Peer 1: 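Sending over a structure as structure tokens; questions will come in a sec.
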Amino acid sequence: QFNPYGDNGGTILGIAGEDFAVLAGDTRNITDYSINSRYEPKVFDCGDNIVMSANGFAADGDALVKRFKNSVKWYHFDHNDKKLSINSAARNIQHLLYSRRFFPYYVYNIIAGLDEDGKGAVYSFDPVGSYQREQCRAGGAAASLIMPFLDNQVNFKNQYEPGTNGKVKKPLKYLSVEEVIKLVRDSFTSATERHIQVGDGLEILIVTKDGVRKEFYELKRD
Amino acid sequence: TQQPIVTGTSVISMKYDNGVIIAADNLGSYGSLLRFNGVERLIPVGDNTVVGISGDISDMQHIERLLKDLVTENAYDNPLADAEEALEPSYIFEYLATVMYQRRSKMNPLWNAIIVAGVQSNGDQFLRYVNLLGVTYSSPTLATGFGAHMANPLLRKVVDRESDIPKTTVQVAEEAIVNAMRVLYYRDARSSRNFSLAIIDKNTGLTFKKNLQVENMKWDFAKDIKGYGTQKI
Amino acid sequence: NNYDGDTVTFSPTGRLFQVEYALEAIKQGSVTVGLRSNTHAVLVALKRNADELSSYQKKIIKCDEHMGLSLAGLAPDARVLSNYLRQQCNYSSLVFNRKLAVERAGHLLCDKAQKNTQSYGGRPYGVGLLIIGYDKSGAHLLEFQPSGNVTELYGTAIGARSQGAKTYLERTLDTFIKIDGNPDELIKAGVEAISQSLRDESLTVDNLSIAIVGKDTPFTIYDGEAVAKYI
Amino acid sequence: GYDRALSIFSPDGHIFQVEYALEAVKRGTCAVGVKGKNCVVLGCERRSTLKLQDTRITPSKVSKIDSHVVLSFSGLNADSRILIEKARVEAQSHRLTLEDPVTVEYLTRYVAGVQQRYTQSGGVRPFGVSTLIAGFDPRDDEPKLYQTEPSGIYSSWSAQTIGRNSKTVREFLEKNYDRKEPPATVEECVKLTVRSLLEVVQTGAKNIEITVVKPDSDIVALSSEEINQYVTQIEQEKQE
Amino acid sequence: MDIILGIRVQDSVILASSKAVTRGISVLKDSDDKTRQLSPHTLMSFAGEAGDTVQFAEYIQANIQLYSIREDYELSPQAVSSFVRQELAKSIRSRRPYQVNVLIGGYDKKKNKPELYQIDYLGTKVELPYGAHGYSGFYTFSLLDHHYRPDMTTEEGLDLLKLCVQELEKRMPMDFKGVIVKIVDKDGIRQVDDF
Amino acid sequence: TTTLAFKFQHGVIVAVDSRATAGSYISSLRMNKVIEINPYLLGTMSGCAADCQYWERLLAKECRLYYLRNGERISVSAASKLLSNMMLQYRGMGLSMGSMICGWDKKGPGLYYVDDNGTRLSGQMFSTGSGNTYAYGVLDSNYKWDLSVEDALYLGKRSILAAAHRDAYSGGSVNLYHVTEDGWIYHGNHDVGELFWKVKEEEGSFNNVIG
Amino acid sequence: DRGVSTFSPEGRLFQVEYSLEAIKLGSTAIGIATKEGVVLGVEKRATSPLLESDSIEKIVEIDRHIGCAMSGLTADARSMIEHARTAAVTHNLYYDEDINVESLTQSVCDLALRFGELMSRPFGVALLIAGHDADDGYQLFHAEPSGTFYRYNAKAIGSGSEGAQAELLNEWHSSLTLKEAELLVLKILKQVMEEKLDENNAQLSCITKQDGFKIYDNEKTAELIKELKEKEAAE
Amino acid sequence: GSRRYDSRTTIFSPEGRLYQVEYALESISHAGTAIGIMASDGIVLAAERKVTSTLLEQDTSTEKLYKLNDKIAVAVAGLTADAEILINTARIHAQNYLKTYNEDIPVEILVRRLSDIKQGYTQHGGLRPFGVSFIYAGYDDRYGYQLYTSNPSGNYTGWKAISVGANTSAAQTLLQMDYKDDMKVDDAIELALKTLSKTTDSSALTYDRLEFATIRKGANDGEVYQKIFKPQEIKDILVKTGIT
Ligand SMILES: *[C@@](C)(CO)[C@](*)(O)[C@H](Cc1ccccc1)NC(=O)[C@H](Cc1ccc(OC)cc1)NC(=O)[C@@H](C)NC(=O)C1=CC2=CCC=CC2=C1C
Ligand SMILES: [Mg+2]
């Protein structure tokens, strides 16, 4: 029997800063125990200061991104070159996913950018179209490895202030872009060690009011 | 939904400094029966692209006809059909990738794994893979079926990453490909000695080699091997 | 006379009057000028208002990053045809990862318009279009007539009093074709060309509409204080 | 399918087919609607050219759309059945999807929409019918009376008449009906409705039909003798 | 849903229907009315797959109400039951059949007779003095076979109905949360508020 | 999940948890399981998250169109029915949705349960999701019509807490809402970790747990 | 006879031109755009005194930020309004935002030329679409059955249109207040109307960023009429 | 195109009349007269065959009176072929009703259905209307004995006595004169034949130029019987009433 779905592995991570946002993902593409590519870009600049990554089944991931990029283009045509806000893009993507409720895009989608007040924004989706705005989200193969670490090191969960012994929590101080990138690199380095589908390379897209910047880092190739 | 009947095995390929190389054997298998021994699975499109196909042969012949019709259609009302508005490897690949993904989305796939190798207008090397699921990826080396398991490891020792491409000559790349085809003949039960090889270079153009054979094979050591453990005679 | 009731009827001299009447709608429309060099292609359009309280009807429409047109005649028909071009440009990109050739875009518009001239019930398009673009074979300018006839030109003009601008371009042919790597000078030649079609009224800030596309220049439209530079 | 555009504009900006449909309404028997303080009355003319008629089984001029709404008309009789059927289906469809009966305004808006649709659809002619739609909204004691016409426009009326010689009875209603103080009782409302028809009808025998609609789905049709008593009292006061 | 009973006495029809609605392992409601008035003198109770029951009942209700308005006339219980049967017989060979069983209790004003019709989801119609759907009949029919007379009063019908419910409450493993009882007679439809 | 909603003297309370799971993995610690359809209408979410969001946001479109056509707010009864009819179109196609439509209209406060099967039930008190049994236990024993707004908000909050504790697939935080005739009122996000320890001490409950 | 989509020798669609004549017979509707809001006003024109004038609904809400006035064959407007309301709310569903006034107007105008031998004829009604969005601010559009729409600072449609438009030519300036615009609509309506203007046979409305689209009460309009009379008598 | 040849069958005249319906009625006025008379104990249907021949096989012939079901019959005036199309539709409708409700279709419901079909041809489709006028004679347990008529406009009305076809003006005057409410079937039979005998365009009214039928409760106990008269039976009733 023909199985229309497949698993291309990979892992993605989105973090929302105070006035910035990052969307990172490894560049390894796989089937079963083989490597297809050590560098196959997975996070894309979709225009209007929005970045996007559809992780899971690559064919459905490429199709969704392609359709959203198209949706942005037609949004400009139909509404006098108006900028598509991150919340509007998020709602649009929900309807793209649910159009295939009975033959789903097999991907976990994340977008990142800035909201209309200039603050950092991350939105995360499920294959069938449920979405919500988040501060921190890891998706894909090693998502379960990374998320707990981010709960601890980004939101300071289970961390209290010395001397008080559990009475006073660690205060939720904001993180800089340099601090976030450190947590991203360590997350993927740790995921690479313990997950066979994670490795080869790490590509990070950083979004600010100035635009979209890229950063690349090598990962272990074994 | 179907099952593949008459099939073609591995297609292997790699980038080198001035272009790309692609190769595939000339066998059409019918299950375990080595039925057809004169099957060409590398199909040139113009003088800048070669499409290598594995999997179901009936679907390959269908794809072969789509490409032949694509060239015809591109020439219609096109004075620059043999120049600026000629078919590019990227155009040919994206067309196939669109077809493959649509067919899988109708639950009626073309049961193939395809590698499109070529050189673009600006001299850039093109090498991308697509299969029955519509899955696409690119790499300095690409291989289908058994080639993915046995050829890629050998070809990646020559071009391990992007920066190794300018350091790799056509002689070295061809040597690596030819060695890989020998290894596949040793170890793939659904392969043949006879194969075809194509080189697309940005300077010397398209060189298509037919009726190649695997040579310099090691078998002599077999005479000494006796029994399956304790037997001496 | 007796042969102008519908598009499906030839006259005794072999004329199609409904198509000719559709052509007449273009002549009533406001003037628009098109011209190109080897590096860039420019559209210049005189926008028309209903009265002093009203806005000035937009004349130029973007089809892709590398292609767009200007209209003269029934504006809704231009919206239909430009929408078709947007889809065709987009089909070429999504399927073939290929920017649509300007010449092929003209062939597609010709064929779409033709079907409306041979079938009963429908009507011809009542609009003329000037398509500019930059593709793999350089800069291009096309003139579309709703009869179906599409023509590739160095320069042209359509609309009311368009003969004046067309004569100017016919004299200036050897000059403006050589304006390579200079967008501002090519626009100047277009603004000077469209000025030959003006009577009574002159080019004001909310009257003039300009568009340009080129080698390292996406299709962009200039309106308002952005064209005050060229007045 | 037959797609021919029958309703089209003319050089002077008129749709003749819609206007000729109004002429069919002008030919139809007179219908009148009067709303009192706590009721609405629908009066209807029956032309006495047709005797030997079986009044038990002959289609009545006033039709119930639901238990709380009624519809009378003037114009082509066969055309009115199609509107009534559609209206009745929509009334049940509304109860089924929204769990409330239709308001009188909603039902009117639907019927008017059907009429409008037949003025710009291919292969069809407009309805040669104008309707008076009356009733009370669920859990409301304010009377409702609307009018529709072939073009598809509709509006609310304190009192209105349609059909042949409607110009005359409208003239009567305009001078007799006071907005500041409408017919306070059922008697006064029926009396005014009968009086208005007596300007046009001819004989006050079997030519006048009256239907009273009160709040909370209380709809009754008056008999010949009951109406005849109104006819008697009106003329006896007139002899002075 | 589960238990729906019906009994036709001298001058009326009595329908008893359970109040329970279950979803998963939780009883969401214990006061649900599994019935719809089709016309002033015709009542239909129903039981079957979740969602389908109410949708079918309301669809039937809408059709009968439409008929009543069109003709200014109430259809006989026999005519209504035949209409309902045809809709179910039409349904059983559809792509997705409506899994609904019904009892139709009506008083025929022409013949001055109560009438009870039992129709299952296949479109199997039978006129009966007393009836039930599902497992309800397994417990109750022996009592009804014994005690039922055709000249019973409405009060005697209710007493025999109480005995049936008591037997159900004793021998069923299922808690159906009591029943809502409704009477259909010459004066129309009314609910017995204390049972 | 665990959701609940109940009518009382001063309107209707709506309380939900915020956990989302993908198997045994907790995919989300804080997910909004309430939808604000209009100032006088709320909708709870249990089952497939996508199905809940899509169809209830589509209901809000249809409830909004009702206001424009009729110049009047839709009833809770009519809104719930529109939703149940949507579910009936995709009958047997595999949708998983369990919601309570809560609001105030002309008839007073309204509460309707609606699920993927098309079931539509009016009632005073409902609870949906994997932890509804735990919530019902607290609700049934402590509910009255004569509840004060303060005590009612606590009941719905405490009932979710009970479920979040025992049910593995319920937790995160508690989102409270109060519906009045002037509209709904949000009463905040309450972390269960912190709320548990607080309730334990103040109430004296959860004696078996050590803290 | 002749085709419905036929061109005249002058290059105009006969049917579109004839529908414009029907609009000239319609009751007057006026719109004035200011920086404090857009005002919409209409002539009700009851055919009889027994007709309850408050049921005449020629001003209509499309969304909270978009209003609409009509003139001509007003029955034809119902399907246009229905489409506009659907388009406005559907865009809010897809994009979680208010829709641009221009985009809404364009959606309505796309219906216009969908006629042939689709509907059998063009619409016989013109619309004044007024609204506000964050990008282009307060806007007023005039949507015709030709499929064309012009933006206007001020516009009058209907039977007294050319006389009213000439008056709007002189009176409108870029610094008009909302109160000044209200009185200006009432002034021009009173000028072109057959019957004497009052709160029962004329209706006002406006759209502001804060309060959105609002139809004015008869009590509120009555005061503005009384305020108009006194200021005209002041000189 | 094709528009050139379209007669436009479904349009209003400037006066607000439907051209084709009016012209269809003009056609029907030349058809053989058909009369229906309703009595307290039954209904009579009488109709005149148009200028027959001696070589026409009368006993197997049927051009006027048709049976829709056991309780309902119709008299035809106009194009016979058009009438048979509608008759077969009405026969099917009666059976559909019987299958659905397990009760015989009420007369009016059948009449309304046929009249609605006629109406449709005047409002949409671009086809010519049916050039037929019916007299429906029937019985049901709600209203008892009923007479209706329908015409190409799709409008229908109930009657105590009525005529369609030729000379209806003269025929209706004669019926209005002699008809009384307490009348019986045997008297109604006589009235129907006497009216035809005076209105006929033929020289004399004979058995071979007539079709006749009665619907009587004159069936054994509470039930209704349809009697389509045979040629010899029409000859006998003509002698009995004193016409021949
Ligand atoms: C209890 C958690 C049940 O265990 C609740 O019922 C909860 C309701 C709910 C959650 C969020 C929003 C609205 C309502 N139900 C679920 O979370 C639901 C349970 C479930 C799963 C699968 C099916 O069949 C398809 C039915 C019901 N869980 C989900 O829907 C899962 C699939 N969601 C995710 O896995 C998920 C991952 C994710 C990543 C980023 C953003 C959102 C994400 C979600 C919702
Ligand atoms: Mg690894």
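Order of appearance sets the numbers: ligands from 1, and atoms from 1 within every ligand. Protein chains get the first letters and strands the later ones, always in sequence-line order, with residue 1 at the start of each.
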Peer 1: Salt bridge (charged side-chain N to carboxylate O under 4.0 Å, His left out) for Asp52(E) and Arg91(F)? Distances and angles first, verdict last.
Peer 2: CA-CA 9 Å; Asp52(E) 295 26; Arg91(F) 196 166 133 266; 3.3 Å; yes
Peer 1: Look at the side chain of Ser187(A) and the backbone N and O of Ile146(A), then say whether any donor-acceptor pair between them is shorter than 3.5 Å.
Peer 2: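 Checked: no pair found.
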Peer 1: Assess whether salt bridge (charged side-chain N to carboxylate O under 4.0 Å, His left out) is satisfied between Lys157(A) and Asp151(A), documenting all intermediate values.
Peer 2: CA-CA 6 Å; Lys157(A) 288 276 157 71; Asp151(A) 294 342; 5.7 Å; no
Peer 1: Does the protein place any heavy atom closer than 4.0 Å to atom 24 (O) of ligand 1?
Peer 2: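 No, there is none.
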Peer 1: Take the Mg ion (ligand 2) as the vertex and measure to O of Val198(A) and O of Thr192(A); round to 10°.
Peer 2: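 Vertex the Mg ion (ligand 2), arms to O of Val198(A) and O of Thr192(A): 90°.
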Peer 1: Any heavy atom of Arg137(A) closer to ligand 1 than 4.0 angstrom?
Peer 2: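 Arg137(A) counts as a contact of ligand 1 under the 4.0 Å cut-off.
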Peer 1: Could you find the nearest protein heavy atom to atom 26 (C) of ligand 1 and give me its residue, atom name and distance?
Peer 2: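 The protein heavy atom lying closest is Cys48(F) N, 3.7 Å.
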Peer 1: Salt bridge check, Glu162(B) against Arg38(A): does any charged N sit closer than 4.0 Å to a carboxylate O?
Peer 2: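 No salt bridge links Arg38(A) with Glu162(B).
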Peer 1: Can you pull out the closest protein heavy atom to atom 35 (O) of ligand 1? Residue, atom name and distance to 0.1 Å, please.
Peer 2: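 Looking only at protein heavy atoms, the one closest to atom 35 (O) of ligand 1 is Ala22(F) CB, 3.4 Å.
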Peer 1: Report the relative orientation of the aromatic rings in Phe6(F) and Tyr143(F); use parallel for angles under 30°, tilted for 30 to 60°, perpendicular for over 60°.
Peer 2: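 Rings of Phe6(F) and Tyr143(F): perpendicular, as their planes differ by over 60°.
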Peer 1: Donor-acceptor pair, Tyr5(A) side chain versus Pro104(A) backbone, under 3.5 Å?
Peer 2: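 Looks like yes, one N/O pair under 3.5 Å.
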Peer 1: Please check whether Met31(F) reaches ligand 1 - meaning an N/O of the residue sits under 3.5 Å from an N/O of the ligand, judged on distance alone.
Peer 2: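 Between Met31(F) and ligand 1, no N or O pair is found under 3.5 Å apart.
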Peer 1: Examine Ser130(A) against ligand 1 and note whether any of their N/O atoms are separated by less than 3.5 Å.
Peer 2: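 Between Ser130(A) and ligand 1, no N or O pair is found under 3.5 Å apart.
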Peer 1: Does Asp117(A) use its side chain to pair, donor to acceptor, with the backbone of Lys119(A) at less than 3.5 Å?
Peer 2: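 Here the side-chain-to-backbone pair does not exist.
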Peer 1: Considering only protein heavy atoms, which is closest to atom 9 (C) of ligand 1, and at what distance to one decimal place?
Peer 2: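 That would be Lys33(F) CE, 3.4 Å.
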Peer 1: Tell me the protein heavy atom at minimum distance from atom 40 (C) of ligand 1, and give that distance in Å.
Peer 2: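 Of the protein heavy atoms, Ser124(A) OG, 3.5 Å lies nearest.
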Peer 1: Any idea which protein heavy atom is nearest atom 36 (C) of ligand 1, and the distance to it?
Peer 2: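 Answer for atom 36 (C) of ligand 1: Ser27(F) OG, 3.7 Å.
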Peer 1: Where the closest heavy atom to atom 15 (N) of ligand 1 is concerned, which of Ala20(F), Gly47(F), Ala49(F) has it?
Peer 2: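 Answer by nearest heavy atom: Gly47(F).
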Peer 1: Identify which of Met45(F), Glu56(F), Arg19(F), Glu134(A) has a heavy atom lying nearest to atom 13 (C) of ligand 1.
Peer 2: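 Comparing heavy atoms across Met45(F), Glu56(F), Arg19(F), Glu134(A), the nearest one to atom 13 (C) of ligand 1 lies in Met45(F).
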Peer 1: Is a donor from one side chain sitting under 3.5 angstrom from an acceptor on the other, for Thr3(F) and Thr128(F)?
Peer 2: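 Judged by distance alone, the side chains do pair up.
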Peer 1: In this structure, is the centre-to-centre distance between the rings of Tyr90(F) and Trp55(F) below 6.0 Å?
Peer 2: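 Under 6.0 Å, so yes.
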Peer 1: Check each atom of ligand 1 against the heavy atoms of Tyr169(F) and keep those under 4.0 Å away; list them by number with element.
Peer 2: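 Reading through ligand 1 atom by atom, the close ones are 1 (C), 2 (C), 4 (O).
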Peer 1: For the pair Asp160(B) and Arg221(A), evaluate salt bridge (charged side-chain N to carboxylate O under 4.0 Å, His left out) and give the outcome as yes or no after the intermediate values.
Peer 2: CA-CA 10 Å; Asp160(B) 202 25; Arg221(A) 293 156 76 88; 3.4 Å; yes
Peer 1: Under a 4.0 Å threshold between the charged nitrogen and the carboxylate oxygen, would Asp60(A) count as salt-bridged to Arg104(B)?
Peer 2: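 Judged by the 4.0 Å cut-off on N to carboxylate O distance, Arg104(B) and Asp60(A) do form a salt bridge.
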Peer 1: Name the option, out of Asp126(A), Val34(F), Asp167(F), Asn32(F), that contains the heavy atom nearest to atom 44 (C) of ligand 1.
Peer 2: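 It is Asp126(A) that holds the nearest heavy atom.
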Peer 1: Counting non-hydrogen protein atoms only, what is the nearest one to atom 2 (C) of ligand 1? Give residue, atom name and distance.
Peer 2: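 For atom 2 (C) of ligand 1, the nearest protein heavy atom is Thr1(F) N, 2.5 Å.
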Peer 1: Closest non-hydrogen protein atom to atom 21 (C) of ligand 1, residue and atom name please, with distance?
Peer 2: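 Result for atom 21 (C) of ligand 1: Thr21(F) O, 4.6 Å.
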Peer 1: Would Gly129(F) count as a contact residue for ligand 1, given that I'm defining contact as a non-hydrogen atom of the residue lying under 4.0 Å from a ligand atom?
Peer 2: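 No heavy atom of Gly129(F) comes that close to ligand 1.
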